[PDB]
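Trainee: For reference, this is upload.cif, and it has mmCIF, C-alpha atoms and all ligand atoms.
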data_run
#
loop_
_atom_site.group_PDB
_atom_site.id
_atom_site.type_symbol
_atom_site.label_atom_id
_atom_site.label_comp_id
_atom_site.auth_asym_id
_atom_site.auth_seq_id
_atom_site.Cartn_x
_atom_site.Cartn_y
_atom_site.Cartn_z
ATOM 1 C CA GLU A 578 0.000 0.000 0.000
ATOM 2 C CA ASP A 579 2.977 2.348 -0.777
ATOM 3 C CA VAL A 580 2.674 1.309 -4.419
ATOM 4 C CA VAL A 581 0.100 4.059 -5.106
ATOM 5 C CA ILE A 582 0.505 6.913 -7.604
ATOM 6 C CA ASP A 583 -1.179 10.341 -7.345
ATOM 7 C CA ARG A 584 -4.015 10.172 -9.930
ATOM 8 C CA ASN A 585 -3.075 13.671 -11.193
ATOM 9 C CA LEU A 586 0.248 12.355 -12.587
ATOM 10 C CA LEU A 587 -1.704 10.206 -15.095
ATOM 11 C CA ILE A 588 -3.419 11.022 -18.403
ATOM 12 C CA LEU A 589 -5.596 8.307 -20.032
ATOM 13 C CA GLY A 590 -5.897 7.840 -23.811
ATOM 14 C CA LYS A 591 -7.423 5.356 -26.269
ATOM 15 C CA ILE A 592 -8.112 1.645 -25.695
ATOM 16 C CA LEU A 593 -5.268 -0.813 -26.424
ATOM 17 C CA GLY A 594 -6.931 -4.166 -25.695
ATOM 18 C CA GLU A 595 -9.838 -5.571 -23.656
ATOM 19 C CA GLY A 596 -9.022 -7.414 -20.402
ATOM 20 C CA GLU A 597 -10.852 -9.590 -17.836
ATOM 21 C CA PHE A 598 -12.136 -6.770 -15.574
ATOM 22 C CA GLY A 599 -12.230 -3.941 -18.162
ATOM 23 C CA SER A 600 -10.325 -2.019 -20.830
ATOM 24 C CA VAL A 601 -6.541 -1.619 -21.083
ATOM 25 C CA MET A 602 -5.816 1.965 -22.097
ATOM 26 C CA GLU A 603 -2.775 3.865 -23.256
ATOM 27 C CA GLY A 604 -1.574 6.585 -20.929
ATOM 28 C CA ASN A 605 1.069 9.168 -20.096
ATOM 29 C CA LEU A 606 2.651 8.980 -16.623
ATOM 30 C CA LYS A 607 4.533 12.003 -15.268
ATOM 31 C CA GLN A 608 7.565 10.572 -13.446
ATOM 32 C CA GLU A 609 9.717 11.716 -10.507
ATOM 33 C CA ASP A 610 12.305 13.239 -12.919
ATOM 34 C CA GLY A 611 9.629 15.525 -14.460
ATOM 35 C CA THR A 612 9.479 13.591 -17.759
ATOM 36 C CA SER A 613 6.444 11.728 -19.112
ATOM 37 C CA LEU A 614 6.432 7.987 -19.870
ATOM 38 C CA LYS A 615 4.022 6.096 -22.093
ATOM 39 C CA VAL A 616 2.218 3.497 -19.991
ATOM 40 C CA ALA A 617 -0.528 0.886 -20.220
ATOM 41 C CA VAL A 618 -3.413 1.212 -17.760
ATOM 42 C CA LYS A 619 -5.569 -1.780 -16.780
ATOM 43 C CA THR A 620 -8.998 -0.608 -15.657
ATOM 44 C CA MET A 641 3.443 -8.583 -8.697
ATOM 45 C CA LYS A 642 5.295 -5.571 -7.208
ATOM 46 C CA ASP A 643 8.083 -7.772 -5.769
ATOM 47 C CA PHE A 644 8.859 -9.287 -9.195
ATOM 48 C CA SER A 645 11.970 -7.897 -10.869
ATOM 49 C CA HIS A 646 13.108 -9.704 -14.035
ATOM 50 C CA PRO A 647 13.415 -8.508 -17.689
ATOM 51 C CA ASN A 648 11.087 -11.249 -19.051
ATOM 52 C CA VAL A 649 8.362 -10.590 -16.427
ATOM 53 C CA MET A 650 5.918 -7.697 -16.543
ATOM 54 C CA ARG A 651 6.887 -5.121 -13.865
ATOM 55 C CA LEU A 652 4.230 -3.195 -11.922
ATOM 56 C CA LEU A 653 4.758 0.598 -12.106
ATOM 57 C CA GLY A 654 1.991 1.409 -9.585
ATOM 58 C CA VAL A 655 -1.716 1.840 -8.822
ATOM 59 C CA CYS A 656 -4.111 4.804 -9.087
ATOM 60 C CA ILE A 657 -7.551 4.938 -7.526
ATOM 61 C CA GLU A 658 -9.750 7.402 -9.390
ATOM 62 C CA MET A 659 -12.922 8.626 -7.770
ATOM 63 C CA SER A 660 -16.031 8.279 -9.936
ATOM 64 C CA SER A 661 -18.669 11.036 -10.027
ATOM 65 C CA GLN A 662 -20.785 9.022 -7.546
ATOM 66 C CA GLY A 663 -17.744 8.089 -5.421
ATOM 67 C CA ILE A 664 -17.445 4.437 -6.536
ATOM 68 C CA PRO A 665 -13.734 3.396 -6.686
ATOM 69 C CA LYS A 666 -12.175 2.870 -10.107
ATOM 70 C CA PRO A 667 -8.833 1.130 -9.426
ATOM 71 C CA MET A 668 -6.232 1.193 -12.228
ATOM 72 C CA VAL A 669 -3.056 -0.893 -12.629
ATOM 73 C CA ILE A 670 -0.144 0.923 -14.364
ATOM 74 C CA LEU A 671 2.209 -1.203 -16.502
ATOM 75 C CA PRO A 672 5.002 -0.503 -19.035
ATOM 76 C CA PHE A 673 3.954 0.173 -22.618
ATOM 77 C CA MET A 674 4.616 -2.703 -25.026
ATOM 78 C CA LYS A 675 5.013 -1.182 -28.512
ATOM 79 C CA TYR A 676 4.456 -4.445 -30.383
ATOM 80 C CA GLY A 677 1.459 -5.682 -28.310
ATOM 81 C CA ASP A 678 0.810 -9.361 -27.569
ATOM 82 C CA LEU A 679 2.935 -12.120 -29.107
ATOM 83 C CA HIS A 680 -0.031 -14.067 -30.576
ATOM 84 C CA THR A 681 -1.130 -11.147 -32.766
ATOM 85 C CA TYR A 682 2.505 -10.452 -33.694
ATOM 86 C CA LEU A 683 2.947 -13.995 -35.009
ATOM 87 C CA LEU A 684 -0.261 -13.707 -37.083
ATOM 88 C CA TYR A 685 0.934 -10.418 -38.579
ATOM 89 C CA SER A 686 4.274 -12.073 -39.468
ATOM 90 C CA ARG A 687 2.336 -14.225 -42.009
ATOM 91 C CA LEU A 688 1.267 -11.058 -43.909
ATOM 92 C CA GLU A 689 3.309 -8.817 -46.257
ATOM 93 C CA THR A 690 2.678 -5.461 -44.469
ATOM 94 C CA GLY A 691 3.364 -6.913 -40.986
ATOM 95 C CA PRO A 692 6.842 -8.091 -39.824
ATOM 96 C CA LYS A 693 9.067 -10.092 -42.203
ATOM 97 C CA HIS A 694 9.563 -13.869 -42.306
ATOM 98 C CA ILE A 695 10.531 -14.405 -38.662
ATOM 99 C CA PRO A 696 13.369 -16.952 -38.846
ATOM 100 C CA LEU A 697 13.600 -19.969 -36.517
ATOM 101 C CA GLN A 698 16.241 -18.157 -34.408
ATOM 102 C CA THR A 699 13.839 -15.353 -33.492
ATOM 103 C CA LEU A 700 11.071 -17.862 -32.657
ATOM 104 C CA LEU A 701 13.344 -19.830 -30.298
ATOM 105 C CA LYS A 702 14.458 -16.565 -28.660
ATOM 106 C CA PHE A 703 10.770 -15.851 -27.889
ATOM 107 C CA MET A 704 10.623 -19.308 -26.323
ATOM 108 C CA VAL A 705 13.828 -18.716 -24.325
ATOM 109 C CA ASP A 706 12.595 -15.344 -22.999
ATOM 110 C CA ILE A 707 9.334 -16.939 -21.804
ATOM 111 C CA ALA A 708 11.211 -19.840 -20.207
ATOM 112 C CA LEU A 709 13.528 -17.350 -18.421
ATOM 113 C CA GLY A 710 10.478 -15.476 -17.093
ATOM 114 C CA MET A 711 8.732 -18.661 -15.987
ATOM 115 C CA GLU A 712 11.985 -19.918 -14.408
ATOM 116 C CA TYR A 713 12.016 -16.776 -12.267
ATOM 117 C CA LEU A 714 8.367 -17.161 -11.165
ATOM 118 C CA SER A 715 8.536 -20.919 -10.494
ATOM 119 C CA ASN A 716 11.665 -20.341 -8.345
ATOM 120 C CA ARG A 717 9.545 -17.964 -6.208
ATOM 121 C CA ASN A 718 6.805 -20.667 -6.086
ATOM 122 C CA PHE A 719 4.421 -18.423 -8.025
ATOM 123 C CA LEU A 720 1.877 -20.125 -10.321
ATOM 124 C CA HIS A 721 0.757 -18.272 -13.503
ATOM 125 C CA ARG A 722 -2.405 -20.305 -14.275
ATOM 126 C CA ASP A 723 -3.055 -18.673 -17.695
ATOM 127 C CA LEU A 724 0.099 -18.923 -19.790
ATOM 128 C CA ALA A 725 -0.476 -18.537 -23.540
ATOM 129 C CA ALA A 726 1.062 -16.563 -26.419
ATOM 130 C CA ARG A 727 -1.704 -13.922 -26.088
ATOM 131 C CA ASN A 728 -0.477 -13.253 -22.498
ATOM 132 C CA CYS A 729 3.149 -12.773 -23.601
ATOM 133 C CA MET A 730 3.923 -9.108 -24.440
ATOM 134 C CA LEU A 731 6.677 -7.706 -26.701
ATOM 135 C CA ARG A 732 8.968 -4.898 -25.549
ATOM 136 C CA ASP A 733 10.303 -2.219 -27.911
ATOM 137 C CA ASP A 734 13.684 -4.086 -27.918
ATOM 138 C CA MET A 735 11.626 -7.134 -29.089
ATOM 139 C CA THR A 736 12.283 -9.158 -25.937
ATOM 140 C CA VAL A 737 9.211 -11.019 -24.669
ATOM 141 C CA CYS A 738 7.837 -10.845 -21.156
ATOM 142 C CA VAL A 739 5.186 -12.784 -19.336
ATOM 143 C CA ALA A 740 1.992 -11.002 -18.177
ATOM 144 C CA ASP A 741 -1.578 -11.515 -16.908
ATOM 145 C CA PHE A 742 -1.090 -13.146 -13.495
ATOM 146 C CA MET A 762 -9.966 -20.796 -18.143
ATOM 147 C CA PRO A 763 -9.214 -21.582 -21.850
ATOM 148 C CA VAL A 764 -9.529 -25.367 -21.966
ATOM 149 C CA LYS A 765 -6.866 -25.972 -24.642
ATOM 150 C CA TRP A 766 -4.003 -24.741 -22.400
ATOM 151 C CA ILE A 767 -5.039 -26.662 -19.259
ATOM 152 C CA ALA A 768 -3.264 -29.885 -18.291
ATOM 153 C CA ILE A 769 -5.298 -33.119 -17.703
ATOM 154 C CA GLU A 770 -5.009 -33.160 -13.872
ATOM 155 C CA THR A 778 1.037 -26.934 -9.743
ATOM 156 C CA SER A 779 3.983 -25.410 -11.599
ATOM 157 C CA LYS A 780 3.890 -28.522 -13.831
ATOM 158 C CA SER A 781 0.465 -27.322 -15.052
ATOM 159 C CA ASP A 782 2.278 -24.122 -16.069
ATOM 160 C CA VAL A 783 4.903 -26.283 -17.834
ATOM 161 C CA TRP A 784 2.111 -27.899 -19.912
ATOM 162 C CA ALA A 785 0.809 -24.483 -20.938
ATOM 163 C CA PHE A 786 4.347 -23.362 -21.871
ATOM 164 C CA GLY A 787 4.629 -26.356 -24.213
ATOM 165 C CA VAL A 788 1.330 -25.317 -25.828
ATOM 166 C CA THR A 789 2.678 -21.768 -26.035
ATOM 167 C CA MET A 790 5.868 -23.060 -27.740
ATOM 168 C CA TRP A 791 3.536 -24.776 -30.265
ATOM 169 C CA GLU A 792 1.618 -21.488 -30.864
ATOM 170 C CA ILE A 793 4.970 -19.858 -31.569
ATOM 171 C CA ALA A 794 6.227 -22.706 -33.786
ATOM 172 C CA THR A 795 2.973 -22.594 -35.814
ATOM 173 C CA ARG A 796 2.956 -18.767 -35.665
ATOM 174 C CA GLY A 797 -0.558 -18.471 -34.257
ATOM 175 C CA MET A 798 -2.535 -21.627 -35.016
ATOM 176 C CA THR A 799 -5.204 -22.386 -32.463
ATOM 177 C CA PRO A 800 -4.223 -25.590 -30.603
ATOM 178 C CA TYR A 801 -5.768 -28.928 -31.728
ATOM 179 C CA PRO A 802 -7.300 -28.212 -35.141
ATOM 180 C CA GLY A 803 -10.364 -30.411 -35.710
ATOM 181 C CA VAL A 804 -10.958 -30.911 -31.950
ATOM 182 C CA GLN A 805 -13.727 -29.105 -29.999
ATOM 183 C CA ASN A 806 -13.276 -27.798 -26.425
ATOM 184 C CA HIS A 807 -15.761 -30.314 -24.939
ATOM 185 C CA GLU A 808 -13.760 -33.132 -26.659
ATOM 186 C CA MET A 809 -10.394 -32.127 -25.082
ATOM 187 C CA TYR A 810 -10.360 -34.282 -21.932
ATOM 188 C CA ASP A 811 -11.138 -37.514 -23.864
ATOM 189 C CA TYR A 812 -8.657 -36.624 -26.629
ATOM 190 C CA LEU A 813 -5.867 -36.158 -24.057
ATOM 191 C CA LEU A 814 -6.973 -39.103 -21.832
ATOM 192 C CA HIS A 815 -6.383 -41.416 -24.840
ATOM 193 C CA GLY A 816 -2.755 -40.168 -25.014
ATOM 194 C CA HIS A 817 -3.132 -37.864 -28.059
ATOM 195 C CA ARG A 818 -1.100 -34.631 -28.123
ATOM 196 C CA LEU A 819 -0.437 -31.554 -30.297
ATOM 197 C CA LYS A 820 1.075 -32.773 -33.546
ATOM 198 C CA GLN A 821 4.550 -31.717 -34.705
ATOM 199 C CA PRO A 822 4.368 -28.530 -36.845
ATOM 200 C CA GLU A 823 5.345 -28.579 -40.524
ATOM 201 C CA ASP A 824 9.043 -27.632 -40.887
ATOM 202 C CA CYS A 825 9.810 -27.728 -37.118
ATOM 203 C CA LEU A 826 12.910 -29.616 -35.869
ATOM 204 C CA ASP A 827 12.573 -32.996 -34.123
ATOM 205 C CA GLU A 828 14.686 -31.620 -31.242
ATOM 206 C CA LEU A 829 12.265 -28.725 -30.739
ATOM 207 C CA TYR A 830 9.255 -31.051 -30.844
ATOM 208 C CA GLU A 831 10.864 -33.344 -28.216
ATOM 209 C CA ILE A 832 11.183 -30.341 -25.887
ATOM 210 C CA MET A 833 7.538 -29.279 -26.282
ATOM 211 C CA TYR A 834 6.337 -32.923 -26.063
ATOM 212 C CA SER A 835 8.121 -33.409 -22.713
ATOM 213 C CA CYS A 836 5.821 -30.673 -21.345
ATOM 214 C CA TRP A 837 2.718 -32.811 -21.951
ATOM 215 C CA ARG A 838 3.672 -36.070 -20.188
ATOM 216 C CA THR A 839 0.652 -37.616 -18.408
ATOM 217 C CA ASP A 840 2.513 -37.783 -15.100
ATOM 218 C CA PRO A 841 3.392 -34.186 -14.164
ATOM 219 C CA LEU A 842 6.491 -35.533 -12.363
ATOM 220 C CA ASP A 843 7.844 -36.657 -15.777
ATOM 221 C CA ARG A 844 7.695 -33.061 -17.062
ATOM 222 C CA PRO A 845 10.936 -31.016 -16.870
ATOM 223 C CA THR A 846 11.254 -27.883 -14.714
ATOM 224 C CA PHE A 847 11.354 -24.427 -16.272
ATOM 225 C CA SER A 848 15.095 -24.203 -15.588
ATOM 226 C CA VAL A 849 15.652 -27.512 -17.457
ATOM 227 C CA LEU A 850 13.551 -26.295 -20.404
ATOM 228 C CA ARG A 851 15.300 -22.948 -20.488
ATOM 229 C CA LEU A 852 18.737 -24.527 -20.933
ATOM 230 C CA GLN A 853 17.487 -27.076 -23.491
ATOM 231 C CA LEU A 854 16.057 -24.203 -25.528
ATOM 232 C CA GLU A 855 19.215 -22.078 -25.064
ATOM 233 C CA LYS A 856 21.391 -25.024 -26.186
ATOM 234 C CA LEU A 857 19.203 -25.635 -29.248
ATOM 235 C CA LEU A 858 19.365 -21.952 -30.192
ATOM 236 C CA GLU A 859 23.173 -21.904 -29.915
ATOM 237 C CA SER A 860 23.480 -24.905 -32.306
ATOM 238 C CA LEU A 861 21.932 -23.031 -35.310
HETATM 239 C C1 LIG N 1 -1.440 -9.901 -21.453
HETATM 240 S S1 LIG N 1 -1.993 -8.462 -20.513
HETATM 241 O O1 LIG N 1 -2.670 -8.867 -19.330
HETATM 242 O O2 LIG N 1 -0.901 -7.559 -20.451
HETATM 243 N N1 LIG N 1 -3.132 -7.829 -21.545
HETATM 244 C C2 LIG N 1 -4.566 -8.139 -21.319
HETATM 245 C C3 LIG N 1 -5.524 -7.220 -22.088
HETATM 246 O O3 LIG N 1 -4.975 -6.876 -23.373
HETATM 247 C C4 LIG N 1 -3.740 -6.150 -23.348
HETATM 248 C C5 LIG N 1 -3.274 -5.847 -24.747
HETATM 249 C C6 LIG N 1 -3.607 -6.617 -25.789
HETATM 250 S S2 LIG N 1 -2.837 -5.946 -27.233
HETATM 251 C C7 LIG N 1 -2.148 -4.658 -26.264
HETATM 252 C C8 LIG N 1 -1.287 -3.598 -26.828
HETATM 253 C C9 LIG N 1 -1.332 -3.327 -28.209
HETATM 254 C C10 LIG N 1 -0.527 -2.344 -28.758
HETATM 255 C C11 LIG N 1 0.336 -1.618 -27.938
HETATM 256 C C12 LIG N 1 0.388 -1.885 -26.568
HETATM 257 C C13 LIG N 1 -0.427 -2.870 -25.982
HETATM 258 N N2 LIG N 1 -0.408 -3.237 -24.620
HETATM 259 C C14 LIG N 1 0.483 -2.887 -23.661
HETATM 260 O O4 LIG N 1 1.398 -2.112 -23.842
HETATM 261 C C15 LIG N 1 0.338 -3.469 -22.325
HETATM 262 N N3 LIG N 1 1.250 -3.349 -21.309
HETATM 263 C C16 LIG N 1 0.746 -4.048 -20.251
HETATM 264 C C17 LIG N 1 -0.432 -4.594 -20.651
HETATM 265 N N4 LIG N 1 -0.656 -4.233 -21.915
HETATM 266 N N5 LIG N 1 -2.499 -4.819 -25.014
HETATM 267 C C18 LIG N 1 -2.657 -7.012 -22.691
#
Re-express the file's structure as structure tokens.
Ligand SMILES: CS(=O)(=O)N1CCO[C@H](c2csc(-c3ccccc3NC(=O)c3ncc[nH]3)n2)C1
Mentor:
Amino acid sequence: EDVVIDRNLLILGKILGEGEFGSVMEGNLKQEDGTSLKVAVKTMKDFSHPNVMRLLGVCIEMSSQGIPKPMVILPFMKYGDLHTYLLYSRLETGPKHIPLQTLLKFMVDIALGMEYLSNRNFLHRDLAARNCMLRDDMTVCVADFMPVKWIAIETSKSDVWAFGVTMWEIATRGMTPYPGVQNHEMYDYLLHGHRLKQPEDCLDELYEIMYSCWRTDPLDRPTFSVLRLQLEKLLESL
């Protein structure tokens, strides 16, 4: 409760995306040095890591009737969510052919972020490419801490499952998981040992890593620190 920002230091602009509890808006935050910073405002503070969304602060606006309007202030992510970015990469006017190297680097960043959170025994519970945001340096961070296709059958090993699905989203550059399978069918599909199929031109080594995330027994799944190194090692071999 010393995380608060004076509401007068904040100017709210147009809507950036729509969130669980309300709109996410662009804003300008006047900082302690007198300068103004572009921010995102949703209408965590202990976390410090480059691949994890930092909290800048909180403002409570007073409505006209006096009902609280709490707002969460986050850094501005020029390139928006990773899911949308991948989709745009498949179009001429959006970003170029993203090579394999850049796709793995997105995976490594996310693994680094999740390694940090899992080490502090913090569960994400909603990890997906749409919840991974892109910084202006094009490094990815993790954000947004019940979409059936990211949930594991049965902990941090649930998060590991979702990260594997996220790796698949990245490898496919934005395909919805499990084409030709409905949401109500998912439990039976998985219970019979079926998993996300290997993407088209994607290396066997990469597919082994993502597959290890979906082992039936969560104790057979690797930790985030194991995954991170496996991904780093794969990247270095290209
Ligand atoms: C995953 S989430 O919980 O962060 N979330 C949930 C609601 O939709 C938001 C969203 C979607 S596309 C977008 C965006 C698009 C262009 C430029 C900047 C943008 N956002 C940010 O800079 C920003 N920073 C912190 C949160 N959002 N924002 C993101």
Trainee: Return as a short mmCIF file (atom, residue, chain, number, x, y, z; two decimals) with C-alpha atoms, in the frame of the given file the set of residues that the PyMOL selection byres (((not hetatm)) within 9 of (chain N and resi 1)) yields on the displayed structure.
Mentor:
data_model
loop_
_atom_site.label_atom_id
_atom_site.label_comp_id
_atom_site.auth_asym_id
_atom_site.auth_seq_id
_atom_site.Cartn_x
_atom_site.Cartn_y
_atom_site.Cartn_z
CA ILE A 592 -8.11 1.64 -25.70
CA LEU A 593 -5.27 -0.81 -26.42
CA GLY A 594 -6.93 -4.17 -25.70
CA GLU A 595 -9.84 -5.57 -23.66
CA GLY A 596 -9.02 -7.41 -20.40
CA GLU A 597 -10.85 -9.59 -17.84
CA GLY A 599 -12.23 -3.94 -18.16
CA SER A 600 -10.32 -2.02 -20.83
CA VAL A 601 -6.54 -1.62 -21.08
CA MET A 602 -5.82 1.96 -22.10
CA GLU A 603 -2.78 3.86 -23.26
CA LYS A 615 4.02 6.10 -22.09
CA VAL A 616 2.22 3.50 -19.99
CA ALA A 617 -0.53 0.89 -20.22
CA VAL A 618 -3.41 1.21 -17.76
CA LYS A 619 -5.57 -1.78 -16.78
CA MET A 650 5.92 -7.70 -16.54
CA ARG A 651 6.89 -5.12 -13.86
CA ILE A 670 -0.14 0.92 -14.36
CA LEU A 671 2.21 -1.20 -16.50
CA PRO A 672 5.00 -0.50 -19.04
CA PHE A 673 3.95 0.17 -22.62
CA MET A 674 4.62 -2.70 -25.03
CA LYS A 675 5.01 -1.18 -28.51
CA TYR A 676 4.46 -4.44 -30.38
CA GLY A 677 1.46 -5.68 -28.31
CA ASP A 678 0.81 -9.36 -27.57
CA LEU A 679 2.94 -12.12 -29.11
CA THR A 681 -1.13 -11.15 -32.77
CA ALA A 725 -0.48 -18.54 -23.54
CA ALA A 726 1.06 -16.56 -26.42
CA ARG A 727 -1.70 -13.92 -26.09
CA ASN A 728 -0.48 -13.25 -22.50
CA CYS A 729 3.15 -12.77 -23.60
CA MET A 730 3.92 -9.11 -24.44
CA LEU A 731 6.68 -7.71 -26.70
CA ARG A 732 8.97 -4.90 -25.55
CA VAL A 739 5.19 -12.78 -19.34
CA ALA A 740 1.99 -11.00 -18.18
CA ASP A 741 -1.58 -11.52 -16.91
CA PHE A 742 -1.09 -13.15 -13.50
#
Trainee: Given the PyMOL selection byres (((chain A and resi 655-667) around 12) and not hetatm) and the file above, list the residues it selects as a ChimeraX atom specification.
Mentor: /A:578-589,598-600,606,616-620,641-642,652-654,668-671
Trainee: Here's the selection I'm unsure about, the PyMOL selection byres (((chain A and resi 820) around 10) and not hetatm); applied to the file above, which residues does it give, as a PyMOL selection string?
Mentor: chain A and resi 791+800-802+817-819+821-823+830+834
Trainee: Quick one: distance from atom CA of residue 680 of chain A to atom CA of residue 840 of chain A in Å, one decimal?
Mentor: 28.4 Å
Trainee: Show me, as an mmCIF file with C-alpha atoms, keeping the file's coordinate frame, the residues that have an atom within 12 Å of residue 717 of chain A when counting all atoms listed in the file, minus same-chain residues fewer than 6 positions from it.
Mentor:
data_model
loop_
_atom_site.group_PDB
_atom_site.id
_atom_site.type_symbol
_atom_site.label_atom_id
_atom_site.label_comp_id
_atom_site.auth_asym_id
_atom_site.auth_seq_id
_atom_site.Cartn_x
_atom_site.Cartn_y
_atom_site.Cartn_z
ATOM 1 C CA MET A 641 3.443 -8.583 -8.697
ATOM 2 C CA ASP A 643 8.083 -7.772 -5.769
ATOM 3 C CA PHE A 644 8.859 -9.287 -9.195
ATOM 4 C CA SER A 645 11.970 -7.897 -10.869
ATOM 5 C CA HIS A 646 13.108 -9.704 -14.035
ATOM 6 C CA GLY A 710 10.478 -15.476 -17.093
ATOM 7 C CA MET A 711 8.732 -18.661 -15.987
ATOM 8 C CA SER A 779 3.983 -25.410 -11.599
#
Trainee: So which residues touch residue 724 of chain A within 7 Å, counting all atoms listed in the file, skipping near sequence neighbours fewer than 2 positions away, as a PyMOL selection string?
Mentor: chain A and resi 721-722+728+782+785-786
Trainee: Around (4.3, -31.0, -13.4), as given in the file, which residues come within 6 Å? Count all atoms listed in the file and list them as a count of residues only.
Mentor: 6
Trainee: Could you please determine the separation between atom CA of residue 796 of chain A and atom CA of residue 848 of chain A in Å, to one decimal place?
Mentor: 24.1 Å
Trainee: Atom CA of residue 695 of chain A and atom CA of residue 798 of chain A, how far apart in Å?
Mentor: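 About the pair atom CA of residue 798 of chain A and atom CA of residue 695 of chain A: they are 15.4 Å apart.
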Trainee: Compare A:856, A:765, A:838, A:702 by their minimum atom-to-atom distance to residue 816 of chain A, counting only C-alpha atoms, and give me the closest one.
Mentor: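 That would be A:838, the residue with the smallest distance to residue 816 of chain A.
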Trainee: Taking only C-alpha atoms into account, name the residue in A:809, A:783, A:832, A:854 that is nearest to residue 703 of chain A.
Mentor: A:854
Trainee: For a cutoff of 8 Å around the file-coordinate point (19.2, -15.2, -30.4), which residues qualify once you count all atoms listed in the file? I'd like the result as a list in words.
Mentor: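 Within 8 Å of (19.2, -15.2, -30.4), the protein and nucleic acid residues are residues 698, 699, 701, 702, 858 and 859 of chain A.
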Trainee: Point out the residue among A:799, A:718, A:835, A:736 with the least atom-to-atom distance to residue 787 of chain A, counting all atoms listed in the file.
Mentor: A:835
Trainee: Between A:612, A:768, A:762, A:648, which one has atoms that come closest to residue 707 of chain A, using all atoms listed in the file?
Mentor: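 Of all the options, A:648 lies closest to residue 707 of chain A.
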Trainee: Take segment 839-850 of chain A from the preceding structure and save N, CA, C and O atoms as an mmCIF file, in the first residue's frame.
Mentor:
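Generated output (out.cif):
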data_model
loop_
_atom_site.group_PDB
_atom_site.id
_atom_site.type_symbol
_atom_site.label_atom_id
_atom_site.label_comp_id
_atom_site.auth_asym_id
_atom_site.auth_seq_id
_atom_site.Cartn_x
_atom_site.Cartn_y
_atom_site.Cartn_z
ATOM 1 N N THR A 839 1.845 -37.361 -19.232
ATOM 2 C CA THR A 839 0.652 -37.616 -18.408
ATOM 3 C C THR A 839 0.953 -37.366 -16.930
ATOM 4 O O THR A 839 0.218 -36.653 -16.244
ATOM 5 N N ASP A 840 2.050 -37.954 -16.467
ATOM 6 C CA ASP A 840 2.513 -37.783 -15.100
ATOM 7 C C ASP A 840 3.235 -36.447 -15.034
ATOM 8 O O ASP A 840 4.280 -36.284 -15.681
ATOM 9 N N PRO A 841 2.705 -35.483 -14.248
ATOM 10 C CA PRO A 841 3.392 -34.186 -14.164
ATOM 11 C C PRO A 841 4.822 -34.257 -13.623
ATOM 12 O O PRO A 841 5.633 -33.375 -13.927
ATOM 13 N N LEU A 842 5.129 -35.301 -12.853
ATOM 14 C CA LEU A 842 6.491 -35.533 -12.363
ATOM 15 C C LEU A 842 7.488 -35.912 -13.473
ATOM 16 O O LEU A 842 8.693 -35.746 -13.295
ATOM 17 N N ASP A 843 6.997 -36.410 -14.606
ATOM 18 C CA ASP A 843 7.844 -36.657 -15.777
ATOM 19 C C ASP A 843 8.177 -35.400 -16.580
ATOM 20 O O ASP A 843 9.047 -35.448 -17.446
ATOM 21 N N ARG A 844 7.464 -34.302 -16.335
ATOM 22 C CA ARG A 844 7.695 -33.061 -17.062
ATOM 23 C C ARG A 844 8.943 -32.383 -16.494
ATOM 24 O O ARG A 844 9.175 -32.450 -15.289
ATOM 25 N N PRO A 845 9.758 -31.751 -17.360
ATOM 26 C CA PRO A 845 10.936 -31.016 -16.870
ATOM 27 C C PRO A 845 10.556 -29.726 -16.144
ATOM 28 O O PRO A 845 9.439 -29.236 -16.305
ATOM 29 N N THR A 846 11.471 -29.191 -15.343
ATOM 30 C CA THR A 846 11.254 -27.883 -14.714
ATOM 31 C C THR A 846 11.498 -26.790 -15.743
ATOM 32 O O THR A 846 12.059 -27.043 -16.814
ATOM 33 N N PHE A 847 11.066 -25.580 -15.420
ATOM 34 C CA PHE A 847 11.354 -24.427 -16.272
ATOM 35 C C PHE A 847 12.849 -24.150 -16.461
ATOM 36 O O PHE A 847 13.257 -23.710 -17.529
ATOM 37 N N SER A 848 13.664 -24.425 -15.450
ATOM 38 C CA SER A 848 15.095 -24.203 -15.588
ATOM 39 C C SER A 848 15.732 -25.245 -16.517
ATOM 40 O O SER A 848 16.659 -24.918 -17.259
ATOM 41 N N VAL A 849 15.232 -26.484 -16.488
ATOM 42 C CA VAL A 849 15.652 -27.512 -17.457
ATOM 43 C C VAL A 849 15.288 -27.102 -18.887
ATOM 44 O O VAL A 849 16.134 -27.124 -19.779
ATOM 45 N N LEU A 850 14.025 -26.738 -19.089
ATOM 46 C CA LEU A 850 13.551 -26.295 -20.404
ATOM 47 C C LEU A 850 14.349 -25.113 -20.944
ATOM 48 O O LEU A 850 14.724 -25.078 -22.116
#
